[PDB]
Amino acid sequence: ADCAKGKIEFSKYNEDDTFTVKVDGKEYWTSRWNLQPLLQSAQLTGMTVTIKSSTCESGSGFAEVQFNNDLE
C-alpha cells in the first residue's frame, strides 16, 4: 500500500533515535536503525524511494521501503 513514491527531499535524525524523511511533500518516520544509512544513501544518490504502509493516514511510522536508482 504505497504511501509516497519519490526522491528524498530531506532526512532528519530525531531526539528519540527515529528517522524522518520528506518524500513527495509528506513526512514519514521510522524506528528502524538499519534504515538510517539506507535512507541517506538513497537521499544522496537520488534514488526512487517507495514508502509502503497499511495504515497510511494515521501518523504511524513506516518500516517498509523500496529503493530504485534514478534513470539519467
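Numbering starts at 1 and follows the sequence shown.
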| query | finding |
| --- | --- |
| Mean Cα B-factor comparison, 35-43 or 22-30, giving the higher one as deposited | 22-30 |
| Ranked against its chain, the third holding the CA B-factor of residue 1 | lowest |
| CA B-factor placement of residue 54, once the chain's modelled residues are sorted into thirds | highest |
| Among modelled residues of the same chain, the CA temperature factor third for residue 9 | highest |
